[PDB]
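This report refers to the structure that appears directly beneath it.
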Amino acid sequence: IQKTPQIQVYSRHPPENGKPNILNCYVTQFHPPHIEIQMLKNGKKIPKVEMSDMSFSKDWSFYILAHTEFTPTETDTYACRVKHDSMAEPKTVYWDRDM
Amino acid sequence: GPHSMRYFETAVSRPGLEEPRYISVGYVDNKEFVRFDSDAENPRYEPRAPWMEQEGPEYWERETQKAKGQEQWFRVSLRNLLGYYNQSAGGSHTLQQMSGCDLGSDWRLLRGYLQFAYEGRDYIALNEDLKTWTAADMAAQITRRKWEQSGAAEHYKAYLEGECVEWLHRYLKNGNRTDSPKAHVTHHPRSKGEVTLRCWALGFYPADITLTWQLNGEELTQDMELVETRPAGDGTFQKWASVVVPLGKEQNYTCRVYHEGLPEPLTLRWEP
Amino acid sequence: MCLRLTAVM
């Protein structure tokens, strides 16, 4: 049966406004492995997003890390949108600099 | 310390794909070092850590031709499983495999593994004796009997005790690391009269780690929120754990970080 | 070195 992707969105380095950094979208615990992941800035798709290769953990569930360069500010919203057959809607997780 | 090798193999069918995609990922000490992907323009096992480039062309040619054989084995196996489960045409299906060997600190074999899953669920596994098979599903017994009749496990026992250990020794030579957590507490007031302390741990490897919050000398298991350990993307990992405290009483809350690279657990508090 | 499976499922 289908397993629902768990999503975390977080920076590689402690975020500083105006300072270049790497934003991650880490997607875990889904099945089947087919999945679509997009990263957004103020609701706009971020053009170049790097995508790790298909992998799975000991419990058999799949996982992928998407990431892209970003420069956080006080007001820009960053998000990760995920479409997977276990979900009737795409799920969006929004970046929270404190988490 | 202890050591391991694993090959994680996947074969995937989708209704809008004529043939399955086959991926095989090799690991030494839980880090990827080779990968085969049938979707590639010219499919072949490829080095995935610089120390593997040591191997010459006939290594890669031999591994690659084994992978082409495994791809066909998975194709046939996916077709047989479809009938075993009376599944019709027009769905997505997945066959997964993990196999390999665990080595003690003396480099001797502790245990060999060979497990399969269909649709992400346990299908059949070689037992720890390397001689008998476990299979839960009624549909799976068909495979177990076939493999018992063919004596397949004898060949697998010989690999897990032989080539798996011998080649793992070769790999550990050619690639002969931990990074300790760096921890700090951040301050976030959840309400008037309450505050969240977030204990971070950053830059650590391997990924296994434990964070706890303590009251006097009291672990607080439920009540505490955490995140799943997550890759920073640079090879290290991250985690945090947070708890809600009455303000002014921040000083009576202590976070502890447990990680195999630490000389002893770290204890820390919020620092004004 | 990857394992070679013999008999199909």
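The chains referred to below are lettered A, B, ... by the order of the sequence lines, with proteins before strands, and numbering in each begins at 1. Scope of the values below: all heavy atoms of this structure, side chains included, with no hydrogens, waters or symmetry mates.
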Checking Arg12(A) side chain against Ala232(B) main chain: does a donor-acceptor pair fall under 3.5 Å? yes

May I ask you to test the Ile22(A)-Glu69(A) pair for a side-chain heavy-atom distance under 4.5 Å? yes

Show your working on side chain to side chain donor-acceptor pair (under 3.5 Å) between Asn24(A) and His67(A) and close with a plain yes or no. CA-CA 4 Å; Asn24(A) 292 319; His67(A) 78 279; 4.9 Å; no

Between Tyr45(B) and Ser24(B), does the side chain to side chain donor-acceptor pair (under 3.5 Å) criterion hold? Intermediate values first, please. CA-CA 8 Å; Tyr45(B) 264 111; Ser24(B) 169; 2.6 Å; yes

Residues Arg35(B), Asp37(B): salt bridge by 4.0 Å N-O rule: no

Those residues at least two apart in sequence (or on a different chain) that pass side chain to side chain donor-acceptor pair (under 3.5 Å) with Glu250(B) are none

Are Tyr118(B) and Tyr85(B) near enough that their ring centres are under 6.0 Å apart? yes

Do any N or O atoms from the side chain of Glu63(B) and from the backbone of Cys2(C) form a donor-acceptor pair under 3.5 angstrom? yes

Before you tell me yes or no, could you show the steps for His184(B) and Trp200(B) under side chain to side chain donor-acceptor pair (under 3.5 Å), namely the whole-Å CA-CA distance, both residues' side-chain angles and the distance that decides it to 0.1 Å? CA-CA 5 Å; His184(B) 65 275; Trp200(B) 294 76; 4.5 Å; no

For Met1(C), is there any backbone N or O sitting under 3.5 Å from a side-chain donor or acceptor partner on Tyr7(B)? yes

Look up atom CG in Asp76(A) and atom NZ in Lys44(A), then write down how far apart they are to the nearest 0.5 Å. 12.5 Å

Give a yes or no on whether the ring-centroid distance for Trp107(B) and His169(B) is below 6.0 angstrom. yes

Could you check whether any side-chain N or O of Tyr84(B) sits under 3.5 Å from a backbone N or O of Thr143(B), counting only pairs where one atom can act as donor and the other as acceptor? no

Considering all heavy atoms of both residues, which atom of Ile37(A) and which atom of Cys25(A) are nearest to each other, and what is their separation? CG2-SG, 4.0 Å

Please report the closest heavy-atom contact between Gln141(B) and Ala136(B), naming both atoms and the distance. NE2-O, 3.7 Å

So, for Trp147(B) and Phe116(B), is the gap between ring centers shorter than 6.0 Å? yes

Does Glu46(B) pair with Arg44(B) as a salt bridge, N-O distance under 4.0 Å? yes

Heavy-atom pair of closest approach, residues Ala201(B) and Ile209(B): CB-CD1, 3.8 Å

Nearest-0.5 Å distance, CD of residue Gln29(A) to CD of residue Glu228(B): 7.5 Å

Looking at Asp102(B) and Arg111(B), is there a salt bridge between them, counting it only when a charged N and a carboxylate O are closer than 4.0 Å? no

I want to check something: taking the side chain as every heavy atom from C-beta on, are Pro32(A) and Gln2(A) in contact at a cut-off of under 4.5 Å? yes

Please report the closest heavy-atom contact between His187(B) and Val195(B), naming both atoms and the distance. NE2-CG1, 3.2 Å

Rounded distance (nearest 0.5 Å) linking atom OG of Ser55(A) with atom CD1 of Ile64(A): 7.5 Å

Side chains of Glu9(B) and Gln96(B): closer than 4.5 Å at any heavy-atom pair? no

Give a yes or no answer on whether the side chain of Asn127(B) reaches the backbone of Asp129(B) with a donor-acceptor pair at less than 3.5 Å. no

Report the C-alpha distance between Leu220(B) and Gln214(B) in whole Å, list the side-chain angles of each, state the deciding distance to 0.1 Å, and finish with yes or no for side-chain contact (heavy atoms from CB on, under 4.5 Å). CA-CA 6 Å; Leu220(B) 302 167; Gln214(B) 275 183 357; over 6 Å; no

CG on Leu95(B) to CD on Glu119(B), rounded to 0.5 Å: 8.5 Å

Just checking, is any N or O donor in the side chain of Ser61(A) or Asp59(A) under 3.5 Å from an acceptor N or O on the other one? yes

Can you check side-chain contact (heavy atoms from CB on, under 4.5 Å) on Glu161(B) and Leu130(B), steps first, answer last? CA-CA 9 Å; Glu161(B) 290 165 1; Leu130(B) 308 191; 3.4 Å; yes

Identified side-chain contact (heavy atoms from CB on, under 4.5 Å) counterpart of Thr68(A) within the set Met51(A), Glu50(A), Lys48(A): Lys48(A)

Answer yes or no: is there an ion pair linking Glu58(B) with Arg62(B), defined by an N-O contact shorter than 4.0 Å? no

Pairwise side-chain contact, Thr178(B) with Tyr205(B), heavy-atom cut-off 4.5 Å (strictly under): no

Pair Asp208(B), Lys239(B) - check salt bridge (charged side-chain N to carboxylate O under 4.0 Å, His left out), show working. CA-CA 10 Å; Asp208(B) 304 83; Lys239(B) 198 179 195 83; over 6 Å; no

Start with the C-alpha distance between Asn17(A) and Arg97(A), add both sets of side-chain angles, then the distance that settles side-chain contact (heavy atoms from CB on, under 4.5 Å), and finish with yes or no. CA-CA 10 Å; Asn17(A) 284 343; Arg97(A) 72 177 62 237; 2.9 Å; yes

Would you kindly confirm whether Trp213(B) and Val227(B) end up in one hydrophobic cluster when ILVMFWY residues are joined by side chain heavy atoms under 4.5 Å apart? no

Shared hydrophobic cluster for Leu266(B) and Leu211(B) (ILVMFWY, side-chain gaps under 4.5 Å): yes

Honestly curious: do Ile23(B) and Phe74(B) fall in one hydrophobic cluster under the side-chain, below-4.5 Å linking rule? no

What is the minimum heavy-atom distance between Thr94(B) and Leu78(B), and which atoms define it? C-CD2, 4.1 Å

Determine whether a donor-acceptor pair (N or O, by modelled atom type, separation under 3.5 Å) exists between the side chain of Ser11(A) and the backbone of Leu23(A). no

Taking the six-membered ring of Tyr113(B) as reference, does the NZ or CZ atom of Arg6(B) fall below 6.0 Å from its centre and within a 45° cone about the axis? yes

Cation-pi check, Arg198(B) onto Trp240(B) ring (under 6.0 Å, within 45° of axis): yes

Does the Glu225(B) side chain pair with the main chain of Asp223(B), one donor and one acceptor, at a distance under 3.5 Å? no

Please test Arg81(A) against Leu40(A) for side-chain contact (heavy atoms from CB on, under 4.5 Å), starting from the C-alpha separation and ending with a verdict. CA-CA 8 Å; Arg81(A) 173 170 175 256; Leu40(A) 309 149; 4.1 Å; yes

Under a 4.0 Å threshold between the charged nitrogen and the carboxylate oxygen, would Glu166(B) count as salt-bridged to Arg170(B)? no

Donor-acceptor pair, side chain of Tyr10(A) and main chain of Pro231(B), under 3.5 angstrom: yes

I need the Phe33(B) CZ to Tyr27(B) OH distance, nearest 0.5 Å. 10.5 Å

Check whether any side-chain heavy atom of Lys83(A) sits under 4.5 Å from a side-chain heavy atom of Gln38(A), and report yes or no. yes

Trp51(B) and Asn174(B) have their tightest heavy-atom pair at CB-O, 3.7 Å

As an exercise, state the distance from OG1 of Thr73(A) to OH of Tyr78(A), rounded to the nearest 0.5 Å. 6.0 Å

Side-chain donor/acceptor of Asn21(A) to backbone N/O of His13(A), under 3.5 Å: yes

Backbone of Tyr22(B) reached by a side-chain donor or acceptor of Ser38(B) within 3.5 Å: yes

Centres of the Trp167(B) and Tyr59(B) rings: under 6.0 Å? yes

